[PDB]
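>>> quick one: experimental structure and sequence below.
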Amino acid sequence: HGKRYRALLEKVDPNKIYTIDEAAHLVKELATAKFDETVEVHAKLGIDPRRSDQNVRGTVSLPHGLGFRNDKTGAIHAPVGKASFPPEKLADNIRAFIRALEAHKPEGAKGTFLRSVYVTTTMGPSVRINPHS
RNA sequence: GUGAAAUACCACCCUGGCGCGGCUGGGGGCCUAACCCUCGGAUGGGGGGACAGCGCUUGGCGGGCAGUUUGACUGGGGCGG
Ligand SMILES: [Mg+2]
Ligand SMILES: [Mg+2]
Ligand SMILES: [Mg+2]
Ligand SMILES: [Mg+2]
Ligand SMILES: [Mg+2]
Ligand SMILES: [Mg+2]
Ligand SMILES: [Mg+2]
Ligand SMILES: [Mg+2]
Ligand SMILES: [Mg+2]
Ligand SMILES: [Mg+2]
Ligand SMILES: [Mg+2]
Ligand SMILES: [Mg+2]
Ligand SMILES: [Mg+2]
Ligand SMILES: [Mg+2]
Ligand SMILES: [Mg+2]
């Protein structure tokens, strides 16, 4: 990685677990990218893909616009928009989509459903952050 | 573009791997100081040595011992039924 990214992860704690208002404004500083950032915030899952009775999908439209499914390995995939909308239009949206997403949990899903969440970019670094609060 | 998956900087993951560290389980070697043996002598020497022995605990072999069980009918009883 470049010094774009060498100055990047010197300013973030994957070490310290963080909350989601804490981590909402840290998204637009850590992209040293040219261009074009669509933000991706990712979560590992508490479910088993090896049974498709527990499989998940659909298409919903987020509140302010562009600007979900499980793989066979069982993690989360979806873009929430363009970098676009500023830090507190993110925190506004940051509790929005997942509380819409959680609704789809199958019954035979064993254990804590959101295993972790790292706010990141299509271009950028990893902070340990909580979907919780 | 004839394979359906796209060959970007990123994450979140799969799979084996190595690395570091955290909680760690298992082996091996040496040591002596507990513990054990010993020494005309000993607050010491020599030998064994964290084994062995002993406590609590686990599962097992276990007539060497112990307590008992080992039915009724029945032309006696058993055998047979
Ligand atoms: Mg030795
Ligand atoms: Mg000795
Ligand atoms: Mg010695
Ligand atoms: Mg001695
Ligand atoms: Mg000695
Ligand atoms: Mg012992
Ligand atoms: Mg007897
Ligand atoms: Mg017996
Ligand atoms: Mg009696
Ligand atoms: Mg009789
Ligand atoms: Mg008779
Ligand atoms: Mg008779
Ligand atoms: Mg008779
Ligand atoms: Mg008889
Ligand atoms: Mg008989």
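Okay, I see it. Residues are numbered from 1 along each chain as shown, chains lettered A, B, ... in the order given. Ligands and ions are numbered 1, 2, ... in the order given.
>>> what residues does chain A have near RNA strand B?
With the criterion set to Cβ under 7 Å from any atom of the strand, chain A comes near RNA strand B through A:1-2, A:4-5, A:9, A:14, A:33, A:40, A:42-44, A:73-77, A:115-116, A:118, A:120-126. C-beta coordinates here come from the backbone N, C-alpha and C atoms, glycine included.
>>> contacting residues for residue A:96?
Listed by Cβ atoms under 8 Å, 6 or more residues apart in numbering, the contact set of residue A:96 reads A:62-63.
>>> ok, the most centrally placed residue in chain A - contacts?
Nearest to the geometric centre of chain A sits residue A:41, at 1.6 Å (Cα atoms, centre = their mean). Applying Cβ under 8 Å, 6+ apart to residue A:41 gives the contacts A:80, A:94, A:117-120.
>>> of all those residues, which two lie farthest apart?
A:80 and A:118 (14.0 Å; Cβ to Cβ).
>>> before we move on, the earlier item: using a markdown table, lay out the contacts of residue A:41 together with secondary structure.
Formatted as a markdown table, these follow (DSSP: H, G, I helix; E, B strand; the rest coil):
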| residue | secondary structure |
| --- | --- |
| A:80 | coil |
| A:94 | helix |
| A:117 | strand |
| A:118 | strand |
| A:119 | strand |
| A:120 | strand |
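>>> by neighbours, which of the residues you listed wins?
residue A:119 (26 neighbours; other Cβ atoms under 10 Å).
>>> where do the strands of chain A begin and end?
A:39-45, A:69-70, A:76-77, A:114-121, A:127-129 (DSSP state E).
>>> give me the helices and strands touching the third one, please.
Right, strand A:76-77. Applying 3 or more Cβ pairs under 8 Å, 6 or more residues apart in numbering; DSSP states H and E, one finds that strand A:76-77 contacts strand A:39-45, strand A:69-70.
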